[PDB]
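Asker: There's a structure below that I have some questions on.
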Amino acid sequence: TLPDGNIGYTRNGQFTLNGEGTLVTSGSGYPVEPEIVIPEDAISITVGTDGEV
Amino acid sequence: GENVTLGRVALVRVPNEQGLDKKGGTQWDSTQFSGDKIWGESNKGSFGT
């Protein structure tokens, strides 16, 4: 999600989390569509082949 | 022969560890992009041992 509101498409996969736990890019911090919020009770993160986080 | 517990160590886990700002001497501090410091015990919930 771009700051203006439009959706940008990327091939880079270096993602991270912000202070709220939403999955964002490791660069400018654009949130990934759809929003993936990692709860604070998680001990590990696994992403399936079909994209099921 | 007095075995008394003097406390327990505090463990801090931030939602986005990549966003921690680097101080000197292998030390980090909480920032806007790192989330708020979550104070918890060890071996409880998502914390380690």
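Cβ atoms come from the backbone with ideal geometry, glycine included; neighbour counts cover every protein chain shown. What follows draws every value from the coordinates through simple rules; no lab data is involved.
Asker: Work out the FRET efficiency for B:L6 and A:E20 from their Cβ-Cβ distance, taking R0 = 25 Å, and round it to the nearest 0.05.
Answerer: Values: r = 36 Å, r/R0 = 1.45.
Here the calculated transfer efficiency is 0.10.
Asker: While we're on this one: For the range A:4-53 and chain B, what is the separation of their C-alpha centers, rounded to whole Å?
Answerer: Taking the Cα centre of chain B as reference, the centre of the range A:4-53 is 23 Å away.
Asker: Would you mind ranking B:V9, A:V32 so that the residue whose beta carbon has the fewest other beta carbons within 10 Å leads the list?
Answerer: Working: B:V9 6, A:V32 14.
Fewest-to-most Cβ neighbours within 10 Å comes out as B:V9, A:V32.
Asker: Got the relative contact order for chain A handy, in percent, Cα pairs under 8 Å and 6 or more residues apart?
Answerer: Numbers: 52 pairs, mean separation 13.3, N = 53.
It rounds to 25 percent for chain A.
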